[PDB]
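Chain identifiers are assigned alphabetically (A, B, ...) following the order of the sequence lines, protein sequences preceding nucleic acid strands; residue numbering begins at 1 within each chain. Scope of the values below: all heavy atoms of this structure, side chains included, with no hydrogens, waters or symmetry mates.
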Amino acid sequence: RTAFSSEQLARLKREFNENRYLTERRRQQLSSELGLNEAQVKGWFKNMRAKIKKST
Amino acid sequence: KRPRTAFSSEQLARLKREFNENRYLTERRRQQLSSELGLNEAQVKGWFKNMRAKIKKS
DNA sequence: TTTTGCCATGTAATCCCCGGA
DNA sequence: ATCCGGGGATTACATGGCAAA
Ligand SMILES: *C#CCN1CCOC1=O
């Protein structure tokens with residue numbers, strides 16, 4: 001299990017805010033810009049959507 | 001990868017009879033049906049999956 | 001208060017379901 | 001049969017915050 005830095009979380013949240021689903025291109029770009037693997041970016045967005053859904 | 005199998009006419013008759021009642025398999029139903037037919041549970045759930053797609057097309 | 005102990009909560013990652021191709 | 005990309009439900013585990021002598 002990896003813990004994301006606040007700079008990564010900040011960027012992921014802004015990105016989520018603009019578009020809550022990734023394209024392949026964007027997942028690849030985000031992974032490259034943040035120093036993360038595409039599976040981590042994919043997992044984060046998935047979990048975030050679920051977390052919001054569980055509130056309402 | 002999982003091997004492709006062939007279903008006997010008796011296995012097909014039984015799968016279709018179940019499918020005619022309910023196009024979706026619960027866990028219990030899949031275990032029961034796979035055990036009765038001598039089929040891997042993955043072949044059973046895969047046949048139901050594929051039958052739903054064929055029917056949505058036809 | 002300290003500082004020691006345990007457990008609730010958050011969350012990354014997994015598992016399994018579906019339709020579509 | 002495969003593989004993908006959703007979803008819901010979980011599991012595993014690390015930290016937080018609170019209990020208590
Ligand atoms: C479980 C989980 C999160 N992940 C990891 C790769 O794809 C995901 O959705």
Using a cut-off of strictly less than 4.0 Å, decide whether A/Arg49 has a side-chain nitrogen or oxygen near OP1 or OP2 of D/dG7. yes
Rounded to the nearest angstrom, tell me the gap between atom CD in A/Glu38 and atom P in C/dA13. 14 Å
Quick check against the 3.5 Å criterion: does A/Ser32 have a side-chain atom that pairs as donor or acceptor with the backbone of A/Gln29? no
If the sugar-phosphate is the primed atoms plus P, OP1 and OP2 and the base is the rest, what is the B/S/- string for nucleotides 12-17 of chain D, using protein heavy atoms under 4.0 Å? ------
Carboxylate-amine/guanidinium proximity below 4.0 Å for B/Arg14 and B/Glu18: yes
To the nearest Å, how far apart are A/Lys51 NZ and D/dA9 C1'? 17 Å
Return the value, rounded to whole Å, for the distance between atom CG of B/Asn40 and atom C1' of D/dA1. 12 Å
Is any N or O donor-acceptor pair between the side chain of B/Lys49 and the base of C/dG20 shorter than 3.5 Å? yes
Partners meeting side-chain contact (heavy atoms from CB on, under 4.5 Å) with B/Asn22 (sequence neighbours left out): B/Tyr24, B/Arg29
Taken to the nearest whole Å, CZ/B/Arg30 to P/C/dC15 is 16 Å
What is the distance, to the nearest angstrom, from the CG atom on A/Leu36 to the P atom on C/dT11? 16 Å
Separation between CH2 of B/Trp47 and OG1 of B/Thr5, rounded to the nearest 0.5 Å: 14.5 Å
A/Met48 CE to D/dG7 P, straight-line distance once rounded to whole Å: 13 Å
How is the sugar of D/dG6 puckered by the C1'-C2'-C3'-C4' sign, north or south? north
Let's see if you can work this out: which of C/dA12, D/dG7, D/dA1 has an atom nearest to the side-chain heavy atoms of A/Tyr21? D/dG7
Please confirm whether any donor atom in the side chain of B/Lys57 sits under 3.5 Å from an acceptor in the base of C/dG20, or the reverse. no
Can you tell me if A/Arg27 uses its side chain to pair, donor with acceptor, with the backbone of A/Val41 under 3.5 Å? no
Return the value, rounded to whole Å, for the distance between atom NZ of A/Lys42 and atom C1' of D/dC4. 9 Å
If I take atom CD in residue A/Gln8 and atom P in nucleotide C/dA12, what distance separates them, rounded to the nearest angstrom? 11 Å
Roughly how far, to the nearest 0.5 Å, is the CE atom of A/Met48 from the CZ atom of A/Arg20? 14.0 Å
Please indicate the pucker of D/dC18, north or south, going by the torsion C1'-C2'-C3'-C4'. south
Considering residues at least two apart in sequence or located in another chain, which fulfil the side-chain contact (heavy atoms from CB on, under 4.5 Å) criterion with B/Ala42? B/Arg2, B/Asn40
Listed by chain and number, what are the side-chain hydrogen bond (donor to acceptor under 3.5 Å, both in side chains) partners of B/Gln43, not counting sequence neighbours? none
Within the structure shown, what part of the strands sits under 4.0 Å from A/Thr2 by heavy-atom distance: base, sugar-phosphate, or nothing? sugar-phosphate
Nucleotide paired to D/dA1 in any strand shown, Watson-Crick or G-U, under 3.5 Å: none
Sugar half of pseudorotation for C/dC17 [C1'-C2'-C3'-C4' sign: + north, - south]: north
Looking at C/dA12, I'd like to know if its phosphate oxygens (OP1 or OP2) sit under 4.0 Å from a side-chain N or O belonging to A/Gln40. no
